[PDB]
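Engineer: I am attaching a structure below and will ask some questions about it afterwards.
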Number of protein chains: 2
Amino acid sequence: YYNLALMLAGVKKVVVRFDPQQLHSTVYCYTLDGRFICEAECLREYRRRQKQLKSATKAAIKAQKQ
Amino acid sequence: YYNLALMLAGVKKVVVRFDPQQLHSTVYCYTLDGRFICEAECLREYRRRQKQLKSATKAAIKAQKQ
DNA sequence: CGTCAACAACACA
DNA sequence: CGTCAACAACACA
């Protein structure tokens, strides 16, 4: 996402407010302290790790139990 | 442990009967089917693995939960 | 390359 | 080599 007000004033981090249905178009940026800045226009993954971690747990746990 | 009767007849595997207090001296060998053969004279470890396995479980589990 | 033996996991009681 | 920043774990509510 992008806007001119983001480069034109003081900001490093920003909180993004959105509607899941509208993520493809318009979001609204807020400062870390809650002040509205402007809106910005738009110009299984980690579960594999979770599962692999689960197996590497269970096998090691049974092996430690015996 | 050792005995002459062990090399002098048919055996591959043997069940050892013992008294924890007498392990340093005399044990009694039995066949896999329970027949007494003779006695034999005597001529933290895995917990480190268990603990390491425990840590590698817990860290991965919290990481999968978040 | 083929077969066998053991270890590990899953299912069952 | 020194300092800083972030991530992860443990303890607390």
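Simple scheme: letters A, B, ... for chains in structure tokens order, numbers from 1 for residues in each chain, numbers from 1 for ligands in the order shown.
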So that I can check the surroundings of stretch 11-24 of chain A, please list as an MDAnalysis selection string every protein, DNA and RNA residue that reaches within 10 Å of it, counting only C-alpha atoms (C1' of nucleotides) and ignoring chain neighbours fewer than 6 positions away.
Structural biologist: chainID A and resid 1 5 30:37 39:43
Engineer: Here's a check: after a least-squares fit over all in-order C-alpha atoms, write chain B in the frame of chain A, as a PDB file with C-alpha atoms, in the first residue's frame.
Structural biologist:
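What follows is the written file selection_39.pdb:
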ATOM      1  CA  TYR B   1       0.000   0.000   0.000  1.00  0.00           C
ATOM      2  CA  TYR B   2       0.987   3.622  -0.607  1.00  0.00           C
ATOM      3  CA  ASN B   3       0.191   7.288   0.019  1.00  0.00           C
ATOM      4  CA  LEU B   4       2.040  10.627  -0.232  1.00  0.00           C
ATOM      5  CA  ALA B   5       1.255  11.673   3.344  1.00  0.00           C
ATOM      6  CA  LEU B   6       3.359   8.746   4.567  1.00  0.00           C
ATOM      7  CA  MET B   7       6.586  10.060   3.004  1.00  0.00           C
ATOM      8  CA  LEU B   8       5.676  13.697   3.601  1.00  0.00           C
ATOM      9  CA  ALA B   9       5.642  13.638   7.390  1.00  0.00           C
ATOM     10  CA  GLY B  10       7.207  11.916  10.372  1.00  0.00           C
ATOM     11  CA  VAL B  11       6.552   8.174  10.467  1.00  0.00           C
ATOM     12  CA  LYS B  12       8.452   4.920  10.868  1.00  0.00           C
ATOM     13  CA  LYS B  13       5.730   2.469  11.839  1.00  0.00           C
ATOM     14  CA  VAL B  14       2.009   2.575  11.165  1.00  0.00           C
ATOM     15  CA  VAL B  15      -1.082   0.628  12.234  1.00  0.00           C
ATOM     16  CA  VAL B  16      -3.276  -0.499   9.364  1.00  0.00           C
ATOM     17  CA  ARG B  17      -7.059  -0.643   9.703  1.00  0.00           C
ATOM     18  CA  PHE B  18      -8.889  -2.764   7.154  1.00  0.00           C
ATOM     19  CA  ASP B  19     -11.927  -4.684   6.021  1.00  0.00           C
ATOM     20  CA  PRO B  20     -10.850  -8.168   4.844  1.00  0.00           C
ATOM     21  CA  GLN B  21     -13.210  -7.691   1.870  1.00  0.00           C
ATOM     22  CA  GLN B  22     -11.559  -4.335   1.004  1.00  0.00           C
ATOM     23  CA  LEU B  23      -7.859  -5.255   1.463  1.00  0.00           C
ATOM     24  CA  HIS B  24      -7.435  -5.242  -2.346  1.00  0.00           C
ATOM     25  CA  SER B  25      -8.313  -1.535  -2.537  1.00  0.00           C
ATOM     26  CA  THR B  26      -8.394   0.805   0.477  1.00  0.00           C
ATOM     27  CA  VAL B  27      -6.892   0.634   3.972  1.00  0.00           C
ATOM     28  CA  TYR B  28      -6.567   3.342   6.642  1.00  0.00           C
ATOM     29  CA  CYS B  29      -3.247   4.232   8.328  1.00  0.00           C
ATOM     30  CA  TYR B  30      -2.990   5.356  11.955  1.00  0.00           C
ATOM     31  CA  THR B  31      -0.047   6.468  14.092  1.00  0.00           C
ATOM     32  CA  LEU B  32       1.173   4.218  16.908  1.00  0.00           C
ATOM     33  CA  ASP B  33      -0.642   6.534  19.367  1.00  0.00           C
ATOM     34  CA  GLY B  34      -3.961   6.305  17.482  1.00  0.00           C
ATOM     35  CA  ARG B  35      -4.089   9.488  15.367  1.00  0.00           C
ATOM     36  CA  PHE B  36      -5.597   8.988  11.901  1.00  0.00           C
ATOM     37  CA  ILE B  37      -3.056   9.874   9.181  1.00  0.00           C
ATOM     38  CA  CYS B  38      -4.631   9.118   5.794  1.00  0.00           C
ATOM     39  CA  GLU B  39      -5.832   6.153   3.754  1.00  0.00           C
ATOM     40  CA  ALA B  40      -3.696   4.077   1.398  1.00  0.00           C
ATOM     41  CA  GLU B  41      -4.483   2.399  -1.911  1.00  0.00           C
ATOM     42  CA  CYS B  42      -3.173  -0.999  -2.972  1.00  0.00           C
ATOM     43  CA  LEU B  43      -0.736  -0.343  -5.860  1.00  0.00           C
ATOM     44  CA  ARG B  44       0.029 -24.394   4.442  1.00  0.00           C
ATOM     45  CA  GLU B  45       2.768 -21.775   4.929  1.00  0.00           C
ATOM     46  CA  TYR B  46       3.739 -21.756   8.627  1.00  0.00           C
ATOM     47  CA  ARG B  47       1.513 -24.782   9.333  1.00  0.00           C
ATOM     48  CA  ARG B  48       4.147 -26.999   7.679  1.00  0.00           C
ATOM     49  CA  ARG B  49       6.595 -25.810  10.326  1.00  0.00           C
ATOM     50  CA  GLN B  50       3.965 -26.350  13.042  1.00  0.00           C
ATOM     51  CA  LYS B  51       3.364 -29.956  11.889  1.00  0.00           C
ATOM     52  CA  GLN B  52       7.076 -30.819  11.486  1.00  0.00           C
ATOM     53  CA  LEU B  53       7.661 -29.389  14.966  1.00  0.00           C
ATOM     54  CA  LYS B  54       4.766 -31.580  16.241  1.00  0.00           C
ATOM     55  CA  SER B  55       6.289 -34.791  14.841  1.00  0.00           C
ATOM     56  CA  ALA B  56       9.787 -33.946  16.079  1.00  0.00           C
ATOM     57  CA  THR B  57       8.144 -33.483  19.481  1.00  0.00           C
ATOM     58  CA  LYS B  58       6.077 -36.680  19.649  1.00  0.00           C
ATOM     59  CA  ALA B  59       8.842 -39.022  18.389  1.00  0.00           C
ATOM     60  CA  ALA B  60      11.390 -37.568  20.823  1.00  0.00           C
ATOM     61  CA  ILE B  61       8.850 -37.720  23.682  1.00  0.00           C
ATOM     62  CA  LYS B  62       8.042 -41.408  23.174  1.00  0.00           C
ATOM     63  CA  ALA B  63      11.783 -42.091  22.800  1.00  0.00           C
ATOM     64  CA  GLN B  64      12.426 -40.316  26.122  1.00  0.00           C
ATOM     65  CA  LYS B  65       9.546 -42.153  27.836  1.00  0.00           C
ATOM     66  CA  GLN B  66      11.104 -45.484  26.856  1.00  0.00           C
TER      67      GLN B  66
END
Engineer: Given only C-alpha atoms (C1' of nucleotides), how would the per-residue table for chain C near chain A read, listing every residue at most 12 Å away with its closest atom pair and distance in Å to one decimal, sorted by chain and number, as a Markdown table?
Structural biologist:
| residue | atom | partner | partner_atom | distance |
| --- | --- | --- | --- | --- |
| C:7 | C1' | A:63 | CA | 11.5 |
| C:8 | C1' | A:59 | CA | 8.9 |
| C:9 | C1' | A:59 | CA | 8.7 |
Engineer: Would you list, as a compact mmCIF listing (two decimals) with N, CA and C atoms, in the first residue's frame, the residues of chain B that end up in alpha helix (DSSP H) under DSSP run on this structure's backbone?
Structural biologist:
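Output saved as states_30.txt:
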# COMPACT_ATOMS: atom_id res chain seq x y z
N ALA B 5 30.07 -73.75 29.53
CA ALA B 5 28.84 -74.38 29.05
C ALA B 5 28.16 -73.53 27.98
N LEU B 6 28.48 -72.24 27.95
CA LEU B 6 27.89 -71.34 26.96
C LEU B 6 28.49 -71.53 25.56
N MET B 7 29.78 -71.86 25.50
CA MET B 7 30.42 -72.09 24.21
C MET B 7 30.32 -73.56 23.80
N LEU B 8 29.97 -74.41 24.76
CA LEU B 8 30.05 -75.86 24.57
C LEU B 8 28.74 -76.47 24.10
N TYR B 46 21.49 -41.71 29.18
CA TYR B 46 20.37 -41.53 28.26
C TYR B 46 19.43 -40.38 28.67
N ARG B 47 19.54 -39.97 29.93
CA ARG B 47 18.71 -38.88 30.46
C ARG B 47 19.06 -37.52 29.84
N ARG B 48 20.30 -37.40 29.35
CA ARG B 48 20.74 -36.21 28.62
C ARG B 48 19.95 -36.09 27.32
N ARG B 49 19.83 -37.23 26.63
CA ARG B 49 19.02 -37.33 25.42
C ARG B 49 17.56 -37.03 25.73
N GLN B 50 17.04 -37.62 26.80
CA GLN B 50 15.65 -37.37 27.21
C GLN B 50 15.36 -35.88 27.45
N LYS B 51 16.27 -35.20 28.15
CA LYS B 51 16.14 -33.77 28.44
C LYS B 51 16.25 -32.89 27.18
N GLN B 52 17.25 -33.17 26.35
CA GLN B 52 17.43 -32.42 25.10
C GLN B 52 16.20 -32.57 24.20
N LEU B 53 15.69 -33.80 24.13
CA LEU B 53 14.45 -34.09 23.41
C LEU B 53 13.29 -33.27 24.00
N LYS B 54 13.20 -33.21 25.34
CA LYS B 54 12.17 -32.40 26.02
C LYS B 54 12.20 -30.91 25.64
N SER B 55 13.39 -30.32 25.62
CA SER B 55 13.53 -28.91 25.26
C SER B 55 13.15 -28.68 23.80
N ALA B 56 13.71 -29.50 22.92
CA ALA B 56 13.41 -29.42 21.49
C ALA B 56 11.92 -29.67 21.19
N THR B 57 11.22 -30.30 22.13
CA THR B 57 9.77 -30.40 22.05
C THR B 57 9.11 -29.09 22.45
N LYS B 58 9.31 -28.69 23.70
CA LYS B 58 8.65 -27.51 24.27
C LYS B 58 8.82 -26.22 23.44
N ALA B 59 10.05 -25.94 23.00
CA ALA B 59 10.32 -24.74 22.20
C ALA B 59 9.54 -24.74 20.88
N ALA B 60 9.58 -25.89 20.20
CA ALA B 60 8.87 -26.09 18.94
C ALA B 60 7.35 -26.02 19.11
N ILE B 61 6.86 -26.49 20.26
CA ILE B 61 5.43 -26.51 20.57
C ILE B 61 4.89 -25.11 20.81
N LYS B 62 5.61 -24.32 21.62
CA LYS B 62 5.24 -22.92 21.82
C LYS B 62 5.31 -22.15 20.50
N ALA B 63 6.36 -22.41 19.72
CA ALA B 63 6.53 -21.75 18.42
C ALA B 63 5.43 -22.10 17.42
N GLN B 64 4.88 -23.31 17.54
CA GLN B 64 3.76 -23.73 16.70
C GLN B 64 2.42 -23.18 17.20
N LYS B 65 2.31 -23.00 18.52
CA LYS B 65 1.11 -22.43 19.13
C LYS B 65 0.97 -20.96 18.74
Engineer: Determine which residues of stretch 11-66 of chain B receive a DSSP assignment of strand (DSSP E or B), computed from the backbone, and state them as a PyMOL selection string.
Structural biologist: chain B and resi 15-17+26-30+36-41
Engineer: Could the residues in this selection be written to a file with N, CA, C and O atoms, as a short mmCIF file (atom, residue, chain, number, x, y, z; two decimals), in the first residue's frame?
Structural biologist:
data_model
loop_
_atom_site.label_atom_id
_atom_site.label_comp_id
_atom_site.auth_asym_id
_atom_site.auth_seq_id
_atom_site.Cartn_x
_atom_site.Cartn_y
_atom_site.Cartn_z
N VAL B 15 18.98 -65.44 28.77
CA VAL B 15 18.36 -64.57 29.77
C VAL B 15 19.17 -64.65 31.05
O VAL B 15 19.47 -65.74 31.53
N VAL B 16 19.52 -63.50 31.60
CA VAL B 16 20.37 -63.46 32.78
C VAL B 16 19.55 -63.18 34.03
O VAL B 16 18.81 -62.22 34.08
N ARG B 17 19.69 -64.02 35.05
CA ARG B 17 18.99 -63.82 36.31
C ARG B 17 20.03 -63.32 37.30
O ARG B 17 21.14 -63.87 37.36
N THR B 26 28.29 -63.42 40.69
CA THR B 26 27.61 -64.56 40.07
C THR B 26 26.20 -64.29 39.54
O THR B 26 25.34 -63.77 40.25
N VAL B 27 25.98 -64.65 38.28
CA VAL B 27 24.66 -64.53 37.66
C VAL B 27 24.25 -65.91 37.15
O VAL B 27 25.08 -66.80 37.08
N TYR B 28 22.97 -66.10 36.83
CA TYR B 28 22.54 -67.41 36.34
C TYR B 28 21.89 -67.32 34.96
O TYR B 28 20.92 -66.59 34.77
N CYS B 29 22.42 -68.07 34.00
CA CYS B 29 21.94 -68.04 32.61
C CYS B 29 20.85 -69.06 32.31
O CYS B 29 20.94 -70.22 32.70
N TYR B 30 19.81 -68.61 31.61
CA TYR B 30 18.69 -69.45 31.23
C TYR B 30 18.46 -69.35 29.73
O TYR B 30 18.74 -68.31 29.12
N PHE B 36 17.25 -73.78 32.73
CA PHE B 36 18.48 -73.36 33.40
C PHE B 36 19.67 -73.97 32.65
O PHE B 36 19.66 -75.17 32.35
N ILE B 37 20.69 -73.17 32.36
CA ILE B 37 21.88 -73.67 31.66
C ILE B 37 23.05 -73.87 32.62
O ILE B 37 23.56 -74.99 32.76
N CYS B 38 23.47 -72.79 33.26
CA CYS B 38 24.59 -72.80 34.20
C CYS B 38 24.66 -71.40 34.79
O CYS B 38 23.85 -70.54 34.46
N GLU B 39 25.63 -71.17 35.67
CA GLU B 39 25.84 -69.83 36.20
C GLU B 39 27.13 -69.27 35.63
O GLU B 39 28.03 -70.02 35.23
N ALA B 40 27.23 -67.94 35.57
CA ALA B 40 28.41 -67.30 35.03
C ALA B 40 29.03 -66.32 36.02
O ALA B 40 28.33 -65.64 36.78
N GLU B 41 30.36 -66.28 35.99
CA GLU B 41 31.15 -65.43 36.88
C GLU B 41 31.62 -64.19 36.13
O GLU B 41 31.95 -64.26 34.95
#
